[PDB]
>>> print(open('coords.cif').read())   # mmCIF, C-alpha atoms
data_protein
loop_
_atom_site.label_atom_id
_atom_site.label_comp_id
_atom_site.auth_asym_id
_atom_site.auth_seq_id
_atom_site.Cartn_x
_atom_site.Cartn_y
_atom_site.Cartn_z
CA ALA A 1 0.00 0.00 0.00
CA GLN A 2 1.06 3.65 -0.12
CA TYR A 3 0.16 4.08 3.56
CA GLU A 4 1.35 1.12 5.66
CA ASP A 5 1.07 0.31 9.32
CA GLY A 6 4.53 0.62 10.83
CA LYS A 7 5.50 3.21 8.22
CA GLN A 8 3.75 6.60 8.36
CA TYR A 9 1.85 5.47 11.41
CA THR A 10 1.60 2.64 13.94
CA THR A 11 -1.52 1.06 15.41
CA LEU A 12 -2.30 0.92 19.11
CA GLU A 13 -2.54 -2.60 20.47
CA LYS A 14 -4.87 -1.14 23.08
CA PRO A 15 -7.28 1.23 21.27
CA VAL A 16 -8.67 4.14 23.25
CA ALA A 17 -12.46 4.50 23.08
CA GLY A 18 -14.10 7.93 23.31
CA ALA A 19 -10.79 9.61 22.44
CA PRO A 20 -10.62 13.05 20.76
CA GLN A 21 -10.51 12.71 16.95
CA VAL A 22 -7.10 14.33 16.54
CA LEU A 23 -5.05 14.39 19.75
CA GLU A 24 -1.62 16.02 19.91
CA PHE A 25 0.81 15.89 22.84
CA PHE A 26 3.74 18.26 23.38
CA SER A 27 6.06 19.76 26.02
CA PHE A 28 7.51 23.25 26.06
CA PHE A 29 10.79 21.49 26.98
CA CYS A 30 10.60 19.28 23.89
CA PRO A 31 13.01 20.36 21.10
CA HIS A 32 11.20 18.65 18.17
CA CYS A 33 8.03 20.26 19.56
CA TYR A 34 9.60 23.68 19.19
CA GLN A 35 10.29 22.86 15.55
CA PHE A 36 6.75 21.41 15.02
CA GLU A 37 5.23 24.67 16.26
CA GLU A 38 7.68 27.42 15.28
CA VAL A 39 9.20 26.23 12.02
CA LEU A 40 6.82 23.56 10.67
CA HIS A 41 3.42 24.75 11.97
CA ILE A 42 2.25 21.10 11.99
CA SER A 43 -0.96 21.73 13.94
CA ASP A 44 -2.03 24.40 11.57
CA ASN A 45 -1.32 22.50 8.38
CA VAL A 46 -3.12 19.47 9.71
CA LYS A 47 -6.20 21.66 10.39
CA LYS A 48 -6.14 23.00 6.83
CA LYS A 49 -6.44 19.45 5.44
CA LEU A 50 -8.74 17.84 7.98
CA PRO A 51 -12.32 16.95 6.91
CA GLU A 52 -15.42 18.83 7.89
CA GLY A 53 -16.58 18.56 11.50
CA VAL A 54 -13.30 17.36 13.01
CA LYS A 55 -11.90 18.84 16.22
CA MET A 56 -8.26 19.22 17.22
CA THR A 57 -7.08 18.74 20.78
CA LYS A 58 -3.60 19.64 22.04
CA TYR A 59 -2.27 18.69 25.45
CA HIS A 60 0.90 19.37 27.43
CA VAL A 61 2.74 16.54 29.26
CA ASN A 62 4.47 16.29 32.66
CA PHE A 63 7.36 13.93 31.97
CA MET A 64 9.82 16.64 30.87
CA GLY A 65 11.30 19.41 32.99
CA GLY A 66 10.32 18.06 36.38
CA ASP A 67 8.61 20.63 38.58
CA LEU A 68 8.45 23.25 35.85
CA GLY A 69 7.11 20.68 33.41
CA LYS A 70 4.15 20.20 35.73
CA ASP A 71 3.72 23.97 36.16
CA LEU A 72 3.62 24.25 32.39
CA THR A 73 0.84 21.63 32.08
CA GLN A 74 -1.24 23.66 34.56
CA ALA A 75 -0.45 26.91 32.62
CA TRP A 76 -1.51 25.20 29.43
CA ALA A 77 -4.77 24.28 31.21
CA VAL A 78 -5.12 28.02 32.04
CA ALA A 79 -4.43 28.80 28.39
CA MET A 80 -7.16 26.40 27.18
CA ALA A 81 -9.70 27.65 29.74
CA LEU A 82 -9.14 31.31 28.77
CA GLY A 83 -8.74 30.53 25.06
CA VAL A 84 -5.36 32.22 24.82
CA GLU A 85 -3.34 29.32 23.35
CA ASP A 86 -2.44 31.29 20.26
CA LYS A 87 -1.06 34.13 22.35
CA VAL A 88 1.23 32.22 24.74
CA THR A 89 2.49 29.25 22.72
CA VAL A 90 5.31 31.12 21.04
CA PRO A 91 6.61 33.12 24.06
CA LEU A 92 6.44 29.98 26.26
CA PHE A 93 8.50 27.96 23.76
CA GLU A 94 11.07 30.72 23.38
CA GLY A 95 11.18 31.49 27.11
CA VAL A 96 11.94 27.84 27.87
CA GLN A 97 14.24 26.88 24.96
CA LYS A 98 15.45 30.09 23.27
CA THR A 99 16.04 32.76 25.92
CA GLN A 100 15.83 30.49 29.00
CA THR A 101 14.03 33.16 30.99
CA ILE A 102 11.40 30.75 32.25
CA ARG A 103 12.58 29.16 35.49
CA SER A 104 9.62 29.37 37.83
CA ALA A 105 5.84 29.49 37.82
CA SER A 106 6.23 33.24 38.29
CA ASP A 107 8.09 33.51 34.98
CA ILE A 108 5.37 31.48 33.18
CA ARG A 109 2.86 33.91 34.65
CA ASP A 110 4.88 36.88 33.27
CA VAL A 111 4.38 35.50 29.75
CA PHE A 112 0.59 35.62 30.14
CA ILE A 113 0.79 39.13 31.69
CA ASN A 114 2.90 40.38 28.78
CA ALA A 115 0.47 38.72 26.37
CA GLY A 116 -2.23 40.87 27.94
CA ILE A 117 -4.08 38.41 30.21
CA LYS A 118 -4.90 40.24 33.44
CA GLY A 119 -3.18 39.21 36.69
CA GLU A 120 -6.37 38.64 38.64
CA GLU A 121 -7.76 36.70 35.65
CA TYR A 122 -4.68 34.50 35.39
CA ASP A 123 -4.41 33.77 39.14
CA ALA A 124 -8.13 33.06 39.40
CA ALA A 125 -7.90 30.70 36.39
CA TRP A 126 -4.68 29.15 37.79
CA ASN A 127 -6.40 28.31 41.09
CA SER A 128 -9.78 27.25 39.64
CA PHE A 129 -11.27 23.74 39.78
CA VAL A 130 -12.15 24.12 36.10
CA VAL A 131 -8.38 24.27 35.53
CA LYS A 132 -7.76 21.30 37.85
CA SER A 133 -10.10 19.06 35.79
CA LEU A 134 -8.46 20.37 32.62
CA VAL A 135 -5.06 19.29 34.07
CA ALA A 136 -6.74 15.96 34.94
CA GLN A 137 -7.88 15.60 31.33
CA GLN A 138 -4.39 16.18 29.95
CA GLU A 139 -2.94 13.57 32.26
CA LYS A 140 -5.64 10.95 31.63
CA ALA A 141 -5.35 11.23 27.83
CA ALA A 142 -1.57 10.76 28.09
CA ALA A 143 -2.03 7.85 30.48
CA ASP A 144 -4.64 6.24 28.20
CA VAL A 145 -2.19 6.06 25.29
CA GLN A 146 1.20 4.76 26.59
CA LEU A 147 2.83 8.12 26.26
CA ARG A 148 6.55 8.38 27.02
CA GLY A 149 7.55 10.61 24.11
CA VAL A 150 6.62 13.87 22.41
CA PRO A 151 5.72 15.30 19.94
CA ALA A 152 2.97 12.71 19.44
CA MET A 153 -0.27 12.70 17.51
CA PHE A 154 -3.09 10.13 17.76
CA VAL A 155 -6.06 9.81 15.45
CA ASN A 156 -9.35 8.55 16.99
CA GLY A 157 -7.47 6.75 19.76
CA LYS A 158 -6.30 4.05 17.34
CA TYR A 159 -3.49 5.33 15.13
CA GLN A 160 -0.26 7.13 16.07
CA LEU A 161 1.67 9.30 13.59
CA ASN A 162 5.18 8.07 12.84
CA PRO A 163 7.29 10.96 11.50
CA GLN A 164 10.53 8.93 11.55
CA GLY A 165 9.13 7.19 8.44
CA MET A 166 8.69 10.29 6.18
CA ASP A 167 11.54 12.05 4.24
CA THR A 168 12.92 15.11 6.05
CA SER A 169 15.02 16.43 3.21
CA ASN A 170 12.45 19.13 2.57
CA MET A 171 10.54 20.79 5.41
CA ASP A 172 7.45 21.66 3.33
CA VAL A 173 7.24 18.17 1.85
CA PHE A 174 7.59 16.71 5.34
CA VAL A 175 4.65 18.76 6.68
CA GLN A 176 2.35 17.90 3.74
CA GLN A 177 3.14 14.23 4.06
CA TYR A 178 2.38 14.51 7.77
CA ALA A 179 -0.92 16.30 7.25
CA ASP A 180 -2.04 14.06 4.37
CA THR A 181 -1.33 11.10 6.61
CA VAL A 182 -3.50 12.52 9.40
CA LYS A 183 -6.28 13.07 6.84
CA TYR A 184 -5.88 9.53 5.49
CA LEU A 185 -6.09 8.13 9.03
CA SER A 186 -9.05 10.43 9.66
CA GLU A 187 -11.04 8.92 6.74
CA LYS A 188 -10.08 5.37 7.73
#
>>> encode(input="coords.cif", output="structure tokens")
Amino acid sequence: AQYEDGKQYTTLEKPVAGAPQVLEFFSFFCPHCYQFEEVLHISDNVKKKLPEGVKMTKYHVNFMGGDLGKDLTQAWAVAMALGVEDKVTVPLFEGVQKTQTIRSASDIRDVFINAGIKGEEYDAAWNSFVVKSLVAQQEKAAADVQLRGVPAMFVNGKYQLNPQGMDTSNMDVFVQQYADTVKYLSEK
């Protein structure tokens, strides 16, 4: 076939019922994740090719960066709750991996402040039980699917993208192959 199991994707032994249609996992500490967001714009190019009616979910993971890694999963929960994902993603990535100015929960908070989220609004979100269940959701979805590495994408809890098996000689070609694969898995 042109799309083969074990080649552009793998299949989960243990399929996850009730899973989001397209489920991406990342960490702000994750170097290929920085590339996927900043240089490749994977998430966005996948959207542009996905069928009608399909929702995209993106979650942060705890297993990188220890205490800060966990802080970042909670901050990402704040981001989802307030709908400000598109305003903090870039400065969080650069603050962790480029400038290395993120070292504490207080520094993560600064990024939201500078992006124009109000202090009171951030701290109230941060401490809210809506955010705690959102953190719970991120952890459960990761737990449901075996996850020990990022970036990772899962389609309907059955198929996992396998970027190792796509040519990286061209960045644009890589992205299209990636997105077309998601769409193929989507229609499966």
>>> atom_distance(input="coords.cif", atom1="CA of residue 186 in chain A", atom2="CA of residue 165 in chain A")
18.5 Å
>>> resolve_selection(input="coords.cif", expression="the PyMOL selection byres ((chain A and resi 21) around 6)", output="short mmCIF file (atom, residue, chain, number, x, y, z; two decimals) with C-alpha atoms, keeping the file's coordinate frame")
data_model
loop_
_atom_site.label_atom_id
_atom_site.label_comp_id
_atom_site.auth_asym_id
_atom_site.auth_seq_id
_atom_site.Cartn_x
_atom_site.Cartn_y
_atom_site.Cartn_z
CA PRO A 20 -10.62 13.05 20.76
CA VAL A 22 -7.10 14.33 16.54
CA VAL A 155 -6.06 9.81 15.45
CA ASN A 156 -9.35 8.55 16.99
#
>>> closest_residue(input="coords.cif", among="A:27, A:127, A:62, A:168", to="residue 89 in chain A", atoms="only C-alpha atoms")
A:27
>>> atom_distance(input="coords.cif", atom1="CA of residue 110 in chain A", atom2="CA of residue 43 in chain A")
25.2 Å
>>> atom_distance(input="coords.cif", atom1="CA of residue 29 in chain A", atom2="CA of residue 101 in chain A")
12.8 Å
>>> closest_residue(input="coords.cif", among="A:74, A:97, A:160, A:8", to="residue 135 in chain A", atoms="only C-alpha atoms")
A:74
>>> closest_atom_pairs(input="coords.cif", of="range 131-185 of chain A", to="range 47-53 of chain A", cutoff="10 Å", atoms="all atoms listed in the file", output="CSV")
residue,atom,partner,partner_atom,distance
A:176,CA,A:49,CA,9.1
A:179,CA,A:49,CA,6.6
A:180,CA,A:49,CA,7.0
A:181,CA,A:49,CA,9.9
A:182,CA,A:50,CA,7.6
A:183,CA,A:50,CA,5.5
A:184,CA,A:50,CA,9.1
>>> closest_residue(input="coords.cif", among="A:158, A:173, A:109, A:163", to="residue 185 in chain A", atoms="only C-alpha atoms")
A:158
>>> resolve_selection(input="coords.cif", expression="the PyMOL selection byres ((chain A and resi 142) around 10)", output="ChimeraX atom specification")
/A:23-25,59-62,137-141,143-149,152
>>> resolve_selection(input="coords.cif", expression="the PyMOL selection byres ((chain A and resi 17) around 8)", output="list in words")
residues 15, 16, 18, 19, 156 and 157 of chain A
>>> residues_near_point(input="coords.cif", point="(6.1, 31.3, 29.1)", cutoff="12 Å", atoms="only C-alpha atoms", output="PyMOL selection string")
chain A and resi 27-29+68-69+71-76+79+85+87-115
>>> closest_residue(input="coords.cif", among="A:86, A:167, A:178, A:70", to="residue 136 in chain A", atoms="only C-alpha atoms")
A:70
>>> residues_around(input="coords.cif", residues="residue 6 in chain A", least_positions_apart="3", cutoff="12 Å", atoms="all atoms listed in the file", output="JSON, numbers by chain")
{"A": [1, 2, 3, 9, 10, 11, 12, 159, 160, 161, 162, 163, 164, 165, 166]}
